[PDB]
Each structure stands twice: as structure tokens, then as C-alpha cells.
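Protein chains: 2
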Amino acid sequence: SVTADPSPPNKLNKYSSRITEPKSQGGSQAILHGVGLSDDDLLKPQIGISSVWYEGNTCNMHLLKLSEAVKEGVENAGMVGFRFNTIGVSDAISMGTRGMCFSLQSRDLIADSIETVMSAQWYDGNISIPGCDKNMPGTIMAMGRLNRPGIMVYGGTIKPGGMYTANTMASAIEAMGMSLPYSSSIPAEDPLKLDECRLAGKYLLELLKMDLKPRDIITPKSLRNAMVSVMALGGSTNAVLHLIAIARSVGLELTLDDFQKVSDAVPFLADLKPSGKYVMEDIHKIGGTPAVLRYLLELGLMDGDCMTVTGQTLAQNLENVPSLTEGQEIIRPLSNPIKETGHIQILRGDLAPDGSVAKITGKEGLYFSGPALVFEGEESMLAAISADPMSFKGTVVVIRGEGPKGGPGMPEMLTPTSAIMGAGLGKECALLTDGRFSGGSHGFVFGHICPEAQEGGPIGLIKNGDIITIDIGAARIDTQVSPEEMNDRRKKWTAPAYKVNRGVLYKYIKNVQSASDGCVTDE
Amino acid sequence: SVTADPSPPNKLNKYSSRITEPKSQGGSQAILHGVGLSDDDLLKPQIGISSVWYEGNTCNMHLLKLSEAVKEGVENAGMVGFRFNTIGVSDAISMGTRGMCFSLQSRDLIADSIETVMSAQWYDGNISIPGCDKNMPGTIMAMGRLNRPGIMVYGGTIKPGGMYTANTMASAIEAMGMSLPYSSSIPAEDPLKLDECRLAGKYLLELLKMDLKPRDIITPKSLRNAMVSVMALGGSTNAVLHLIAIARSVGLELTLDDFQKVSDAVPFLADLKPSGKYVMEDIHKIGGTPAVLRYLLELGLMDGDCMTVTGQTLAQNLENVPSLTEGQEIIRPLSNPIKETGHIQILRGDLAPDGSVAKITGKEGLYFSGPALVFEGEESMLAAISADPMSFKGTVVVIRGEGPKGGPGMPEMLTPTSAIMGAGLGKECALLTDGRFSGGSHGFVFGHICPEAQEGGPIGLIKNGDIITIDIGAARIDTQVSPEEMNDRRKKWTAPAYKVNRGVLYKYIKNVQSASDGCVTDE
Ligand code: FES
Ligand code: FES
């Protein structure tokens, strides 16, 4: 099925032998001697160590230190380590600006970057070190494409001075068996994080011996395990995009309806910010992600037979770990969940026929109806609510043209919800977008609406005054406009000009699939 | 024309003010304090320092040290430096393997990478530090897209224990005014290279004060200056691909015929490997690239009025620099050139209607004719010459399916010429490809043939036995087969399946333009 990267020419150096053994590759051997390899080093496995260090983010500035520890442990395990580094960007910096147009796509750029180096240099395995920014799914996608043994070492969340995207994905990737136990919950710069770094080489050596590859570890069942952790912990709706992209990277299928089925089957149990009170460090103090997953596995919610990067199954990893600390108030018992099903909800209906994603707490009621108030981008919406906030009362606010192609880049938006809260309009309107809304968003806020306006989806045909009725029980975002009149509007509609004609965002427009398809770019 | 990256909201912090000044961006300011910025620091320009450090190549493993020096100089010039790093790959490692399919595209990946970080973080200027691998044009393309003040600090060529792509592009980019004087000729790890690093911030500060941007420096005339250095130094045919890509990045036009015109107008003067005897370090010892360019300008071959990253014109930079050392034998006088015109030749004809590129020394005669010997890739060609070398005598060897889409990745090939040389067949056959042959290639060796075979170009219609006649004076690669019979073949031809269906190379297939178009990917 998936055909992307070179095949190997059992041996632990299945790939690097392509350039270390035949003499026809003497030029390769000469460079390797030049970078410090001895004759005996040429026989060893070669590990690409890919960090996402950069200085403009607290979540990434210390990752070179972690990458050094990883290399030391790779050497202490009898292998050769080759460090390299790719880009990443900070949403806390770019939030509220057109810089956010470059954020989501950097995930796919990172996947391309790591795939490129691993393929060109013939490395046998990968250890990736993403920070607590949001691009780490990119490292897993690269490993799925290559299908060489790999481990993701989460850089760690910063201690306080929330289950946003980074904590959501780190936890989910640990649940999926691609990070070592506790990787997601040990804080950044904790001494145990450095120790994890120094042990990744030992574990990867064993995966090379077993030839336990990413497509042996990432399976329909381990993908479900990842989704279970998202639902139980209240994780971010961005997980829909990222877990779909990860599933596609290994040649598997994952749809919006798979997310609904897991959501319906898993209660929301974790009293964690943004919805709740506690943060990832509090999880760390009561037994960490392994304790949480042990509990979910004991409740029968997880498949324990899935292989992991420990070289053992999830159940074998969790059998021994300390359980959640007696008396802890963070993870609710199954009898008293924060919500009986998951926060993440898939909705269709007239205006989102190919899907949409919401975070529903169960506290906001089942219906909203109002006349549409339509904005062609975040900027006009913010201006209108500044000049005339009362015009928003009772409306269904539509911020369109913010999808993967229309944005471009499917930017995450935070100011619209803040402005609505600040104007006292929180329970008095609903919000629709073909883009995304930040992690503090919940209730009658719907993102990822497909097809996006740029593609002529119904969201692009809404007019001011159209009566929109959102029904959470029926999972529908409907319009009072007749289907015939919306077809009339579709016939008279023409795509707006793209906002760019060059550069990385124009390539994204040329390559990106819909949000319901995880915005994958390589299909 | 070019619309790619965010516009600024005179001030030296034209871009970073978007996030450092507004109270609406308090979250940006909080991260900036978190990474170490004081209140006063928030008023300073912010410089993105993008290195291409990685450990699997001698040409790149020491660039973090250079990046630290660049940051120190940025601070010593009253600005804030933010270091980040992107990927790169080694052709010496991957030569002869399918890993080479990932090499050329990493140029475009690096441009996307640097563009992404600069755009998302709102940096005011860029200092890029590529190594002596081959991807440095990517850094210039990113600067062209952004059109923010920028300087390329060449990492330097390694001292001996050649005018290949890296030296060709470093020299050409210095000639085009986007590197400081001597950047291309100071050896890697020379003390003066570290000093250059520590001065880049001083120079960039002045460019911010003048607002002297990449599109003010990269112009039709400075592009011609770059091409002049390529012809005079005997630089690599790869410069055709990279200078076109750089020209497109600033919204300019540059065609194959432009290269022919400069080639016809500029003699080959430099006795430098691969064609000649000396190496870049020998240039360094007789006055460096500025001394070479000073001579070329005195001969009237260069435009001295072009602005450069010194904040002055090329003529102003070169007026003072020491001239070529008295008695040096490396750079020939104009009266005794190694070749009266440049090595780089554009050829069309029946089999390359959209162009092709050759390195012609003038020592190989004007014609070759022989029956075609056709291979669908490098591997089959190498096998045939191993089993039956005499079957190659007198033929025109065709290695097709090695273009941007067919390869995929337009890999550079070295073993075919080596095998031909080793079999004693060097003057006794010709070589055609839609891919590329390495820098040791010259004479009746023709690359970049367009349209490529994957695209149904005539090269994909050749059959064994077809009489192919190459005429260097007429600049034609012709076939004895009638145009009508070639149309008969085209009508019965169907494109082969792509060799990949996922990953970064499938995206390259989806995005890449022809070699005659510089293999740009963002149009
Ligand atoms: S920017 Fe790193 S997680 Fe918000
Ligand atoms: S690999 Fe760096 S220039 Fe040849």
C-alpha cells in the first residue's frame, strides 16, 4: 500500500548497511569516517535523533540538551547517534496574527523533514524529541512513512509558574505505544526526563533486535487506545486532525465516525484544565499517564494486547506501575464521571454535510437557533463585535474562509470567543467556522466544518439572516433555507481567489485535504 | 506579484512590533519574557538565525558553533537573536542509492522551513548559515519570498586533507550581493569565518536602517553578476536550477537562454577542479572571491552598481579589496582563457525540445552520432555495462526516468560516468538523461533533458538502435527517426505509474516544475 521511502538492501543495521558494507559506497564510508566513525563503528546501527529545538519558544529552547542525552544513551547502547533538527513554530507567539496561517502545516513540514533525512542518510532507527508546542504528530507521521523502529521522547510540559493540544497529543501518543511510559507526564527539565532521554537508546536497540516497527505498534486497536485517552482526559479537538493523519501515515483508515463511536463509549473522567481544575503536573504527582491508563485498562476501556516501544504490550507495561494515588480527586471513578460520554462530538446537518467537530460538556443544553451573522474572516468579525456588540445577541456567528485552503492554513482562532465572553454574550450566540477555535472553546462552538467555504461547501453559501438551528441530540447544524434555494446559491457561487500565489502556503493549498480527512498533504 | 508571507503592520522592528507592541498580543509578550526578553528587549529588532546543522555530514556538523557566534554578534549589535535550525542531507552519503531521490527537493523544503518560522514568529531579519552541502539556495529562496533584510553566511568549504555545487553557489551568491565579501572563499573553521559570523549582526542592523531587502539586492543585474561568476569559475551545471529558483523567488524571470547568453559572453578563466588543478582554498590564498570579482569587474564583465548586504554597491566593496596576488596562476588573463566562452551549454534539438544542460570544455569536438542504448534507470544501465561493456562502444546511452517526477527527485548520478571511464569508453559514447550527472561529468554528457520521460517528452520515446546525432555547434540533440514516427510513438505512449504514492516525494511529484523551470515547487 504505502510507498514512500527506500527499502533495506537478522541484522541490526538493516538500512545503514546499504552505505557501510559494499565497497561501491566508499564515498559514504569516507564521510562517515570524517564525522568521527571508526571501522568498528561502521558495523553498528545508526540512529537519527531528530529534535525540534528553536529559541523562540519556552517549550522548545532546551531540547538540544535533551538531544545530547539521547545521543549519549544511544552510544551507551552500542549504537551510533546522528543528531539533526527541524523547525517548529509557537502559537502563543502567533495567535491572533496571520502568522497562525503557518502553524498547522508545520506538522506536515516536520514529517517531510524527518522522512527526508532518514531516507537520504540510511539510518536504521529514529528517536524524535518534540517540545510542548503542537507539531509532535509530525514526528509520528514520519515514523509511519518510514516504518523503521522509532520512539518519540516528549520534551515534557512546563510546570506552572492543561489538556491543550500538546498534552493531548503527548498523552495520546503514549497511549498508542509510541512513547515510553511516563513520557507524556514527566515535566520538562525534570531529572527523570533526562533519564528517559538516556534510556531511549537501550529501548530502541531492543526494537531493532525484535524489528518492532511503527506499523507493528500503530494499529486499529492502538489508535483506539489513543482515542480512549483523548476522550477520558478531555483532550483537544485538534486530536481529530492529528490522529487521522497518523493513521493515514501507516496505511490505516480513521474517520470522524470512529471518533464519535469512541466518544460514545468512553466517559470524560479527568478534572483537568481547560474544562477542569488541574494540570499535567498534578497527573505526574498521582502516578502519571501510566496510572491513568492502568485505570482505563482495568475498566475494560483499552486493548492491553497492543505492542509498545518497550518491546512489551500495553498491559505488560501497566501491570506493575503504581496505581492512581489513594484519595486523588483528579480522575473520577466510572460511577461519577464529569460527563457520561466524551466531550468530542461530530456533527453534520445541512451546513456541515461532510462533518464538523465540537467540544460538548453536556452543560450547555441541546439546541440553539438564531439568524446568521456572517464574516469572511476573523478580522471583520472582531471589528463588528467591537463596533456593535449587541448586534451579536441571539445570532449564529459564522467565521468562514478560515479552512485549510481558504485561511490559508486552517488557523486556530482565539480572539472571537474571548470577545464574545467579554461582551457578555457567551450563552447568547453560537459560533461556526471552517477553521478552528482555541482550547478554551466549548459549548455551541463548531469548527472543522466541511466542505470549507473556499471549496463551495454550504458554509460558503450562508447569508445574513438565514435561520440556523443547531441540534446536539441529532448532531446536526441545519438551515431554514430550503435545499433548493441553497442549490440555487451554489450554482451562482464562484471560489474566491486564493490569498497567496507563492511559497509554502501556496503549496499547502495545492496539497491539503479537508479537515475531515485530517488535512493530510501527501495523498 | 509575489504574495506569500505576512505584511508588516522608520522602525527597525517592522515585523516584530506586530507582537511586541500591541496590548492585544500580551500572550506573545509573555512567551517572549519567558524565553529571556526584558521590557527593553521588546523594543529591539528580532533576528531569526537559521542554521543547517546536522551531525551526519562534515560540511554541517560544526554549524551550531557558527550559529552561536552569529547570535553573539546580533546581541553585540543591539538586537535580539532567535536561533533555529532546519534539515539538510549529504550527497556524498547518498550518492549511488535511492536516498539521492531526496536530495534536490530538500532545497525547497529548507525554503519552506525558513519561510514558515520567519512568518510565524514575526522576525524582522534573517541570518542563514548553510554548510558546504548543496542546499544553500533554499535559504536565499526563503529570503526572496519574505523580502525581509537577510544575509547568507556561508559555513565555508572544508580545507583539503572544488567548483562543485556548494562552492559554485556560495561564490555565485556572494557575487549576487547576498553574502558578505569573502564569505564564499574563507575555509570552514578558519578564524576569519567566526569573525564574519560575529559581524553579520552589525551588517544586518544597517540593512534594517536602510530597509535594504532581498528584492532590492537580487535583481536582473545581480543575477547576471552571479551567472558571470559561474561562467568565469567553471561552476556546476546545477547552478542553472538554483539560480532560476532564486530568480523566481523574488518575482523575476530567468530562462535557459539567459544562461547561454552569459556563457557566450564570459570566458572560463579559473584553473579550478574539477576541470582544473586548484581548489577554493587556493583562491582564498590569492585574495579570495572578492579579488576574483574585482578582476571580472575591471574587465567590464560585471555590473558594479548593484547593492549588496554591505549596504554599499559591489563596486564600492571591491574598490578597496586586495587584487589577485601578483603572479598567481589560478585566474587566467582575458587574453589567455581556458575557454573562450563558458562551459555551460544549452542544447535543444529533436530529443530535448524544451532544453538540456551540458558542460562543454571545447576539447571534445563538435559532433557525436551513434545508435541509442536505452535504460529506464541508473540501475539497469550499471548492470548492462557490467555484463557487456563492449555493447556500449559507439552508442548514445540514454538513462531516462530520472527527472523531477520520474526519478522521483531528479537524482544526481555518478556511477554511470565512472563505469564508462573505467571500461575505457570515455571518448567512445555519449550520455543523455532527464536527470543529472555529477560534477566530474563533461564532454558529450547531457542532463536536464526536458520534457522528462515521465512527462512524455521525446526522451521517453527513444528506442534502442535509433540514430542520435549531437551537434554542439548547432546546440541540438537530434534523432534520425522522423518527426512523424516520433509522433506515432507519442500517440501510443502512456505515462508509467509514479514510483511513490505517499510522503515527501509524492508531494514533490505533485508540485515540481520542469528542470528548465528550475524545479520550483511553489507555483
Ligand atoms: S505554543 Fe507550544 S503549546 Fe502553545
Ligand atoms: S555532500 Fe555537502 S557538498 Fe557534497
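For the record, the sequence lines run as chains A and B. When you line the first sequence up against the deposited numbering, it's residues 4 to 12, 17 to 168, 213 to 574, in that order. When you line the second sequence up against the deposited numbering, it's residues 4 to 12, 17 to 168, 213 to 574, in that order. Using N, Cα and C, we set each Cβ at its ideal position, and we do this for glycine too.
If the cut is a Cβ gap below 7 angstroms, which residues of chain A does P547(B) touch?
The residue labelled residue 547(B) in the question sits at position 496 within the second sequence. Result: empty, since nearest Cβ-Cβ is about 14 angstroms, beyond 7 angstroms.
Any heavy atom of ligand 2 closer than 7 angstroms to the CB of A217(B)?
Taking the second sequence and counting its residues from 1, the one referred to as residue 217(B) is at position 166. It does: the Cβ of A217(B) is within 7 angstroms (strictly closer) of some heavy atom of ligand 2.
Could you compute how far the alpha carbon of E82(B) sits from the alpha carbon of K18(B)?
Walking along the second sequence from the start, residue 82(B) turns up at place 75. Walking along the second sequence from the start, residue 18(B) turns up at place 11. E82(B) and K18(B): Cα-Cα distance of roughly 18 angstroms.
Does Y215(A) come within less than 8 angstroms of chain B when only Cβ atoms are used?
On the first sequence, position 164 is the one that residue 215(A) refers to. False, the Cβ-Cβ gap to chain B never drops below 8 angstroms.
Under the rule that 16 or more other beta-carbon atoms within 10 Å means buried, what is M148(A), buried or exposed?
Numbered from 1 along the first sequence, position 141 holds the residue referred to as residue 148(A). Result: buried.
So what does DSSP say about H499(A), is it helix, strand or coil?
For the purposes of this step, residue 499(A) is identified with residue 448 of the first sequence, where counting begins at 1. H499(A): strand per DSSP, three-state reduction.
DSSP three-state assignment for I337(B), whether helix, strand or coil
Taking the first residue of the second sequence as 1, we reach residue 337(B) at position 286. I337(B) falls in the coil class under three-state DSSP.
Cβ of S533(A) less than 8 angstroms from any chain B Cβ?
Against the first sequence, residue 533(A) aligns to sequence position 482. No, no contact with chain B.
How about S97(B): is its Cβ closer than 7 angstroms to a heavy atom in ligand 2?
On the second sequence, position 90 is the one that residue 97(B) refers to. Because some heavy atom of ligand 2 lies under 7 angstroms away, the Cβ of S97(B) counts as near it: yes.
Strand pairing of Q53(A), partner residues [DSSP]:
As a first step, residue 53(A) is located in the first sequence; it is residue number 46 there, counting from the start. According to DSSP, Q53(A) bridges with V87(A).
Let me see if you follow: with CB-CB separation under 8 angstroms, is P144(A) close to chain B or not?
Locating residue 144(A) in the first sequence gives position 137, where the first residue counts as 1. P144(A) does not count as touching chain B.
Does any residue of chain B bring its CB to less than 8 angstroms from the CB of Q564(A)?
Translated into positions along the first sequence, residue 564(A) becomes position 513. Closer than 8 angstroms: no.
With respect to 7 angstroms, is the separation between the Cβ of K141(A) and the closest non-hydrogen atom of ligand 1 below this value?
Indexing the first sequence from 1 puts residue 141(A) at position 134. Yes; taking the cut-off as 7 angstroms, the Cβ of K141(A) has a heavy atom of ligand 1 nearer than that.
Supposed contact pair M331(A) and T164(A) - C-beta distance, whole angstroms, cut 8 angstroms:
Position 157 of the first sequence, counting from 1, holds the residue named residue 164(A). Position 280 of the first sequence, counting from 1, holds the residue named residue 331(A). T164(A) to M331(A), Cβ: 5 angstroms. Contact.
Under a CB-based cut-off of 8 angstroms, is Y557(A) close to chain B?
Here residue 557(A) is taken as the residue at index 506 of the first sequence, counted from 1. Judged by the 8 angstroms Cβ criterion, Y557(A) is in contact with chain B.
Could you name the residues of the region 105 to 129 of chain B whose beta carbon sits closer than 7 angstroms to any beta carbon of chain A, in the order they occur along the chain?
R105, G106, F109, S110, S113, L116, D119, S120, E122, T123, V124, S126, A127, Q128 and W129
Could you tell me if the beta carbon of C570(B) falls within a distance shorter than 7 angstroms of some heavy atom in ligand 2?
In the second sequence, counting from the first residue as 1, residue 570(B) sits at position 519. No, the beta carbon of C570(B) sits no closer than 7 angstroms to any heavy atom of ligand 2.
C-beta neighbour in chain B for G41(A), strict 8 angstroms
By one-based count along the first sequence, residue 41(A) stands at place 34. Yes, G41(A) lies at the interface with chain B (some Cβ there is under 8 angstroms from its Cβ).
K561(B) versus chain A: which residues are under 8 angstroms apart at the beta carbon?
Working through the second sequence from its first residue, we reach residue 561(B) at position 510. Ordered by position in chain A, the residues that pass the 8 angstroms Cβ test against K561(B) are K561 and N562.
Span separating the alpha-carbon of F426(A) from that of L111(A)
Mapped onto the first sequence, residue 426(A) falls at position 375. Mapped onto the first sequence, residue 111(A) falls at position 104. So the alpha carbons of these two residues sit roughly 22 angstroms apart.
State the DSSP-derived secondary structure class of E463(A), mapped to helix, strand or coil.
Stepping through the first sequence from its first residue, residue 463(A) is reached at position 412. It is a strand residue.
In the DSSP assignment, what residue or residues form a beta bridge with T530(B)?
The sequence position of residue 530(B) within the second sequence is 479, counting from 1. Beta-bridge pairing links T530(B) to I519(B).
Is the closest heavy atom of ligand 2 to the C-beta of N289(B) under 7 angstroms?
On the second sequence, position 238 is the one that residue 289(B) refers to. No, Cβ of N289(B) sits at least 7 angstroms from all heavy atoms of ligand 2.
Meets three-Cβ-pair contact criterion under 8 angstroms: the region 496 to 504 of chain B and the region 369 to 379 of chain B
Between the region 496 to 504 of chain B and the region 369 to 379 of chain B, the count of Cβ pairs shorter than 8 angstroms is below three; the stretches do not touch.
Does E62(A) have its Cβ less than 8 angstroms from a Cβ in chain B?
Within the first sequence, numbered from 1, the residue matching residue 62(A) stands at position 55. Closer than 8 angstroms to some Cβ of chain B, the Cβ of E62(A) qualifies, so yes.
So the beta strand (DSSP E) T219(B) belongs to, where does it begin and stop?
By 1-based counting over the second sequence, the position of residue 219(B) is 168. Careful: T219(B) lies outside any beta strand (DSSP E), inside the alpha helix (DSSP H) at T216 to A226.
Any beta carbon from chain B within less than 8 angstroms of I436(A)'s own beta carbon?
Here residue 436(A) refers to the residue found at position 385 when the first sequence is read from its first residue. No - not a single Cβ of chain B is within 8 angstroms of the one on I436(A).
Counterpart residues of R399(A) in DSSP-defined beta bridges
Counted from its first residue, the first sequence places residue 399(A) at position 348. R399(A) is bridged to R527(A).
Would the beta-carbon of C357(A) be found less than 7 angstroms away from any heavy atom of ligand 1?
As a first step, residue 357(A) is located in the first sequence; it is residue number 306 there, counting from the start. Flag unset: Cβ of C357(A) not near ligand 1.
For the 8 angstroms Cβ check, are there 3 or more pairs between the region 376 to 383 of chain A and the region 291 to 302 of chain A?
no
Closer than 8 angstroms by C-beta to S113(A): which residues in its own chain qualify, once you throw out the five before and the five after it? Chain order, please.
Your numbering for residue 113(A) matches position 106 in the first sequence. So the list reads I94, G95, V96, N142 and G145, once near-sequence residues are dropped.
Whether or not the region 341 to 361 of chain B and the region 434 to 442 of chain B are in contact is what I'm after, with contact meaning three or more pairs of Cβ atoms, one per stretch, closer than 8 angstroms; do they touch?
no
Any beta carbon from chain B within less than 8 angstroms of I100(A)'s own beta carbon?
Sequence index remark: in the first sequence, residue 100(A) carries index 93 (1-based). Chain B contact via Cβ: present.
Look up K390(B) in the DSSP assignment and give the residues it is bridged to.
By 1-based counting over the second sequence, the position of residue 390(B) is 339. The partner list for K390(B) (beta bridge, DSSP) reads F319(B).
Provide the residue span of the alpha helix (DSSP H) that contains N371(B), from first to last.
Your numbering for residue 371(B) matches position 320 in the second sequence. Counting along the chain, the alpha helix (DSSP H) containing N371(B) begins and ends at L365 to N371.
Measuring only the C-alpha atoms, how far is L259(B) from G460(B)?
Mapped onto the second sequence, residue 259(B) falls at position 208. Mapped onto the second sequence, residue 460(B) falls at position 409. C-alpha separation (whole angstroms): 37 angstroms.
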